[PDB]
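To keep things clear, I will list the structure first and then write my remarks on it.
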Amino acid sequence: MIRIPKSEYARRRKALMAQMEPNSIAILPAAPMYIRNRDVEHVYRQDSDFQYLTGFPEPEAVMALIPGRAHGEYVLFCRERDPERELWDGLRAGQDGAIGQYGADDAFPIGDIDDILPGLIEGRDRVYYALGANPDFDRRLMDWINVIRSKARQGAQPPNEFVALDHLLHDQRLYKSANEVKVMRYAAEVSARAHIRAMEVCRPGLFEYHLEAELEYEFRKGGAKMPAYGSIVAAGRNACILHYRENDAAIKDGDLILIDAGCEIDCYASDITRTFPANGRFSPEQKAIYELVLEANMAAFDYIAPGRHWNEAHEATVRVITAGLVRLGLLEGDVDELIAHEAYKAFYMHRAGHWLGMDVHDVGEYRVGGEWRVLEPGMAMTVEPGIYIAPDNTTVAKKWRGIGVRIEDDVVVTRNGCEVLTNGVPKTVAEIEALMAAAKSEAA
Amino acid sequence: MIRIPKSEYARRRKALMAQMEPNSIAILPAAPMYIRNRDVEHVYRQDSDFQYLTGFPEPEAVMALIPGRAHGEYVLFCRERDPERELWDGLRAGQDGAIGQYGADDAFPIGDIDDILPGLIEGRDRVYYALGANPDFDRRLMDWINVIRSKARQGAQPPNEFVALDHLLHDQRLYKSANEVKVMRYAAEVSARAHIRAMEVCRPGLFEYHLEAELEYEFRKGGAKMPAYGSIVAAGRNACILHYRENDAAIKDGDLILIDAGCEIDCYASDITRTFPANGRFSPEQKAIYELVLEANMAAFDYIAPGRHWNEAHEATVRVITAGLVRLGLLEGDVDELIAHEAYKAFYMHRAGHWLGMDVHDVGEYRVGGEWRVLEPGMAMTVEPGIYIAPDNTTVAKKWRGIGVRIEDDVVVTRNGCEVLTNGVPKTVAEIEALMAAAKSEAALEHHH
Amino acid sequence: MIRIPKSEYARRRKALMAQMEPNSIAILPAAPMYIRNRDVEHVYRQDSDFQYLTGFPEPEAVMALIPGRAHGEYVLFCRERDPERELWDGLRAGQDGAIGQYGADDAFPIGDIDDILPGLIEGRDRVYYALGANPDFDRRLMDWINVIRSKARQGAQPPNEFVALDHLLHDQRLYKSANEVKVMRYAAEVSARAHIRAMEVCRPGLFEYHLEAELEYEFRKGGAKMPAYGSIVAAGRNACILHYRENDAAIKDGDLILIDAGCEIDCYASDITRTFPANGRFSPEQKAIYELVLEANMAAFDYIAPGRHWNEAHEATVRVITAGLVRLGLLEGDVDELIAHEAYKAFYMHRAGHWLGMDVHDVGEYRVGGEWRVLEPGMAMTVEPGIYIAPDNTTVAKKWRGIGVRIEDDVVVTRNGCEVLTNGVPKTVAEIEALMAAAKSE
Amino acid sequence: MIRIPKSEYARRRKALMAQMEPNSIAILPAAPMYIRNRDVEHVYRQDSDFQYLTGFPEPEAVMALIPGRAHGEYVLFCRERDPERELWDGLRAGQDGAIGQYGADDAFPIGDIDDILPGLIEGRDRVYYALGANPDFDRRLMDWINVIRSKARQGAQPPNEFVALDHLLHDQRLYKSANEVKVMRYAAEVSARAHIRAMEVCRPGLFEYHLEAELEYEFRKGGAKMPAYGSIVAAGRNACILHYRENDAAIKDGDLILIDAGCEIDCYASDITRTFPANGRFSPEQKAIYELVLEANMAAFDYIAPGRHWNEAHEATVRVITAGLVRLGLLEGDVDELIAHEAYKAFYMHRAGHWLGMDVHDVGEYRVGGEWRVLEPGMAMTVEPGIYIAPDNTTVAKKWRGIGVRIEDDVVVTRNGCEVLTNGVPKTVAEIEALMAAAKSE
Ligand code: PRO
Ligand code: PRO
Ligand code: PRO
Ligand code: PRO
Ligand SMILES: [Ca+2]
Ligand SMILES: [Ca+2]
Ligand SMILES: [Ca+2]
Ligand SMILES: [Ca+2]
Ligand SMILES: [Ca+2]
Ligand SMILES: [Mn+2]
Ligand SMILES: [Mn+2]
Ligand SMILES: [Mn+2]
Ligand SMILES: [Mn+2]
Ligand SMILES: [Mn+2]
Ligand SMILES: [Mn+2]
Ligand SMILES: [Mn+2]
Ligand SMILES: [Mn+2]
Ligand SMILES: [Mn+2]
Ligand SMILES: [Mn+2]
Ligand SMILES: [Mn+2]
Ligand SMILES: [Mn+2]
Ligand code: NA
Ligand code: NA
Ligand code: NA
Ligand code: NA
């Protein structure tokens, strides 16, 4: 269905090689497999960088890019075809599949890599790889180099330089292509439908996990292999726990529900947070806190455009929230003073957003040249201001305590401004209450 | 939601300590956490042995059992309360919760383990732990021992014996208590409802993942934190792959669907397989294979009772399937000869079941004294015969190729034979077709269920 | 049938905490269970105070209210779910039921209360509870406090103040909400029908228990789990015994029958007394005493309104009954003098009413600031004057001896007066005789 | 009414004293009174042992038997006559009643017991009483002994032996006299009529308590002061709850109704269970389970006779029910192995009966000399097999789930067999359906 096309992976290989120095080689392993318990495996997730360059879904693989190589620049080591093992575990691409389906120029059994990779590294000046990212692989690499070190007298010369690959490759990933935006847009649409379903099913007497079930249900019907991250479904006081994950508490009349969840499609994330009343009607205190957050959400979009700096959106949300907290009497004093003294962090103690991509907290440098990154079209990020009044915050009136609200949207920088991908699930008080009322009467 | 009660964890601790030799100590770590991608963690799953003795859900904890320690036989190292960390990741039990909620005699911050545990090990004759299970922990233990070794000046004596804990503990786990059976019944019931919904929703044009959605939906509505294992949803020829997990193929009219899936509840597994026609009606070839597997399934139960040995169920399914394959003309010859030469393995190449429990493939010794284990009440296992005609099997008529069937139930040995936990989801041809037809009809009428 | 809704119990919880001093805690146990004989239990009745705040019907439970508590102000300790026991004894709510169905913020097994409750008491300034109501609980509480002081060196501080919860909570119960009046209306209606049936079935030759049978039958068909109190069915001279309960005498021609009986619904009482002739016809002497009691009954309602004080209705019934007794010749002299010397107590020796609510003789202070409480809307009470002439009272003519009469209604105070809940069973001589006559064929 | 005659109580006292060793004394207190809520008391129920020996209905009494005492062997402490209290409370027998209608040789006000009883105990070798049965009485006895011991210097000799009265007295109660059988027979007849009325009135749309209303109605019309136990009226899946007492569910078409209920008369129990279809027609599955329980019920009687031991009836019901479950396919295997390994307990998890008498689970030793008690004429017991299929029992076909059936009768061992007292309410499918059909039409 919606996916990155085979040719785009080739294009990305080309773009990385075009930034490598001549006579160099880049090497990337696939992600490891993990055992969840005894012999039951965790769901497999390909490494984002390796996936970005190959689209190859299997474990036990290593790729090499060798610019200018006569027989072909892209080499893949992967599992061999094995009829007995594939009877149990599923089909393998094999070396023919790697060349044919996945576009490799040459492909070799993963079991033979020790007998082959050293020869390909021999004679190159630089090796590009993710130093420190996978220490097990880093040791494997040093062994291959030591093999070259033995023949030095045969005139085998090992490379003299190791260069950090993530610096270059993550900067590529920071600029989303049209097809990437397309996949993220689709993921966002699936996630928006999921959040709506959670709003429509919610009633007092259910548990937090009932709403998580609705989310996973819609995620998977959309084709998601897994969420972009563990879903947060936090009722009542639990909404003040930023990464609450118990998802096991009974839902009570009068609770707010905070839901931070998003699917992933073809290894591209979506990330949405909505907050809504469990009983379908915001109390006056809930409504006031919610609409303040919504004001900060809406203000942040005005500071996301080409030429704006990364932090401008966050700073806008700080201004809005601090001013609102003063208006409500939850903070006393001068807004500029309170910001300088960071008094708002009693209520809003996290950043307004992060890069979004193949990892939900995506790669890419937030600072360049001792300055905040300048935004350019194709960059994608979240906007997620929040307010959390702890249940034990004695400095505020009792009716405010235990209220947590976050409103998060996914956005892409465009030439003239930005594009919001998550408008498909509403966020005004009116639309939310309308949506929940309609579902309530349909069910009855 | 059903769960093991606090008192049962204490009884298990006592039973284990009653088997340990005097002046010994047992040590178990919690399961590690794994990064899934970048800074996104995998869903956390407590180590089954650690969970079995503590019920403690947090990572970075270590438990110790010290029989006869006057100060308290059960010691738990765990995270301490940290307000900034909890604002983000959630509340922690802390040392006070460990003693109070989880019944520990003493509790210490996990950060202090290096300064406390060597002293508890010192003077003990034996340390019981899971040799080789957690290499990182094995390294920690050797450090603690080296620490004791270096206090000979003060007269410290390291233990000289290290005993594999799994021998005693996994035999305890093999005998399910009444409370354990109650949790497993509930898990099986939840899984049964999930399999039914998959059947009711299936139609050509959907994808395999649409059915997996229904499974996860029902699992989680029943309280499951996760499946017992990654769900297998295999349409058509994919059913001939025993652990198919791509789950991404479009369903075609005429396909069979094989679903192997089960939730887990409070870390106790359920494991069900059902096969059904994607269009609601078994073809004649599909029905012929299906009824033969069903015959094997039913026959296996007759050999599960106190006094029977473990392999008897599997042999019965081998006789039934081999005899039936000859009957249908898929094999040729004498049934007894075909079994002796394993000719059936071209169609039925796996075992008829496994222990069932906190791990799907549960712990417990299948052979004692070189012979197959004798069954006793409380032992739990699966029954899962199957037949798989590979798509490229040229030794049989083309109409049979690409057909795969497995029918799996969960059972517990009782004083009177066994108890099947998974009858909640039907397995005869009539019931399956009736179930699917009813749902199609109700859906056409826009009735809600 | 009708019942207090879940939200009202929460409203009452909130109202009580609004009056507790800050950093305090209130604790309430459920009622105990009693063995009737060998291993047969008595019917279970929840403690009215505990029920009033929780609606929770189970024994072996304790509630706690902790104002301002960050993780929830309402904690309930109750029984754990148990498959083997529930197979015999019936379903239990458990901790999940306590949170979901009954609205607890937190819930713990009753078996762990010793490990949890002391920690919740620790650091509180003040503990509200019903001193002396449950001595076993009082003892239990002292143990919990001892756990706190044993940790005194660590900075664990026991509370320094214990406050009688009855003062606050029973004053709450004294003012009936709209939902409470609705329940009490229904219970009164059921009891009215029961009284009618007893009148319609009565005839000489039956026994008192035959009439008690009709009462219990109608009570239970209306949903009552138990009467509000042991029914009194007193024939003839038994009507001169105020708390007659033998209910085993044969009804004789010429007997009066006095019936004091009412059901309770969702732990709310009704309380009705009617007197009537066994043979359907008041004798001249019976009628004379009866209509005098009825005059007192009717007069009392005129002194039940906001602004009046509690004892005014009683005083009115005293004036009416003494005056009538003189007029009929059973007393002799000046009415005001007779009242000063309580000469009427030879015939009318109890008070004209009591508060009415979750207990038949309901809670609530009759005197405030050394004087009779001023009535306010929402208060509920009974009106039950009577006259009882002992069979052996030689100071009056023989024709009066052995006559006992009481006429009791239930009343709620309103904005401008009162509402009588029990008009559904008649009390005039004419209506009563007509009722019994009409039933004859049937 | 039917009741134990005053001569029989005297006989019982003589029989007990004839089993006491010389120069001893036996002491039994009345049952305590309980408060139900606030000042409302629970219905009073005399202690069965005290009742059995005295017939005396009041609380606040203590009896003493002093064999061979010249001034009178039977002494009763009880409330003294008090006119003011009687005016409110009810009439008291007083000391006049005690020596009068109740036949005491001597009688004293209970207020003076501390000044008289020790003198009666002093000089006796043994004291017979019910160790541990009434802890309040126990400490009172220890005080009375201590006051004697304080006089040891001045010649007083306190008894040195204290003997469990239960063992002698409960063995007497196990053999029912002719009059006791007459009383139980009547109680069973009353309960029979009550069960019939429940069947006749039942219809979908009623609630369980409407049927309990019919039971209490008929009980009380027969003279019962209380049921022998709280009535169980269990509709639908509630029938699998062996002592279900919520009695508050709506009755649905297709439900079975299980009613376990019985009145007591003069403190003698009856105990009947019948199961019947709410709609008057047993479904095929309901019928098959019902008929199997009925076969077990009828079979039990063949093993109740003198010389049979107590458990033979129960063993018969186990045998019959297991075979029938095999025949129906709810169990699979060899019947004898299924019996030996108790496979039936998944469906039939209680005993087939109990002694029956003044307490519904009556006193008496089930085992003598490490063996089951041999039956003798005069012993009384119940027969109550049942089968219960939980709604979620997936080891059986769906059509059986949620069916609960129990069929209970009361029985007296006779010289050649047993006598069933509860035949007055039918139990065959035909008679039940006919009974319900006739009532619906009329
Ligand atoms: O969950 C949150 O609120 C913050 C947003 C930035 C990353 N984590
Ligand atoms: O190992 C076994 O017994 C089964 C066969 C298929 C999946 N697991
Ligand atoms: O308390 C009262 O007022 C009434 C008088 C008769 C019985 N109770
Ligand atoms: O528990 C008891 O004593 C009886 C036996 C059957 C059901 N009720
Ligand atoms: Ca237990
Ligand atoms: Ca309600
Ligand atoms: Ca607090
Ligand atoms: Ca006689
Ligand atoms: Ca055995
Ligand atoms: Mn988020
Ligand atoms: Mn996030
Ligand atoms: Mn985010
Ligand atoms: Mn399986
Ligand atoms: Mn399996
Ligand atoms: Mn499996
Ligand atoms: Mn009254
Ligand atoms: Mn009254
Ligand atoms: Mn009264
Ligand atoms: Mn019985
Ligand atoms: Mn019974
Ligand atoms: Mn009974
Ligand atoms: Na527990
Ligand atoms: Na279908
Ligand atoms: Na006349
Ligand atoms: Na006994």
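Sequence order for the protein chains is D, B, C and A. Taking the entry's author numbering, the leading residue of the first sequence gets 1, the next gets one more, and so forth. Taking the entry's author numbering, the leading residue of the second sequence gets 1, the next gets one more, and so forth. Taking the entry's author numbering, the leading residue of the third sequence gets 1, the next gets one more, and so forth. Taking the entry's author numbering, the leading residue of the fourth sequence gets 1, the next gets one more, and so forth. Beta carbons are placed, not taken as given, at the ideal position from N, Cα and C, and that holds for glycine.
Cross-strand partners of residue i (DSSP beta bridge)
{"i": "C:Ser7", "result": "DSSP lists no partner for C:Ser7."}
{"i": "D:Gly404", "result": "D:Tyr388"}
{"i": "A:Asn37", "result": "A:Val40"}
{"i": "A:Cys202", "result": "None, per the DSSP bridge assignment."}
{"i": "A:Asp410", "result": "A:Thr382"}
{"i": "B:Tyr74", "result": "B:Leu65"}
{"i": "C:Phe207", "result": "C:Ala250"}
CA-to-CA distance, residue j to residue i, given in whole angstroms
{"i": "C:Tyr52", "j": "C:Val360", "result": "14 Å"}
{"i": "C:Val181", "j": "C:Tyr303", "result": "20 Å"}
{"i": "C:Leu331", "j": "C:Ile403", "result": "16 Å"}
{"i": "A:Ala380", "j": "A:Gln172", "result": "13 Å"}
{"i": "A:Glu419", "j": "A:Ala133", "result": "33 Å"}
{"i": "B:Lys225", "j": "D:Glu41", "result": "15 Å"}
{"i": "C:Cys263", "j": "C:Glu408", "result": "14 Å"}
{"i": "C:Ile251", "j": "C:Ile257", "result": "8 Å"}
{"i": "B:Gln101", "j": "C:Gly307", "result": "56 Å"}
{"i": "B:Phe301", "j": "D:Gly90", "result": "30 Å"}
{"i": "A:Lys399", "j": "B:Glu431", "result": "14 Å"}
Status (buried if at least 16 other CB within 10 Å, exposed otherwise) for residue i
{"i": "A:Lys176", "result": "buried"}
{"i": "C:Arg36", "result": "buried"}
{"i": "D:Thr395", "result": "exposed"}
{"i": "D:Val412", "result": "buried"}
Rounded distance between the beta-carbons of residue j and residue i, thought under 8 Å
{"i": "D:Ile148", "j": "D:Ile116", "result": "Going by Cβ atoms, the distance from D:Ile148 to D:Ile116 rounds to 13 Å, so no, they are not a contact pair."}
Residues in the region 333-347 of chain A with C-beta within 8 Å of chain B's C-beta atoms, listed in sequence order? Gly333, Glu337, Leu338, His341, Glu342 and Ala343
Going along the chain, which residues of the region 76-108 of chain B sit with their C-beta nearer than 7 Å to a C-beta in chain C? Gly100
Please name the residues in the region 218-238 of chain C whose beta-carbon is closer than 7 Å to at least one beta-carbon of chain A, in chain order. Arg220, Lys221, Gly223, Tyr229 and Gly230
Under 9 Å, CB to CB, which of the residues in the region 354-372 of chain A have a partner in chain C? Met358, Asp359, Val360, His361, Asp362 and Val363
Interface residues of the region 237-267 of chain D facing chain B [CB-CB below 7 Å]: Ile241, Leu242, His243, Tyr244, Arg245 and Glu246
Members of the region 45-56 of chain C near chain A, C-beta cut-off 9 Å: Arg45, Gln46, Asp47 and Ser48
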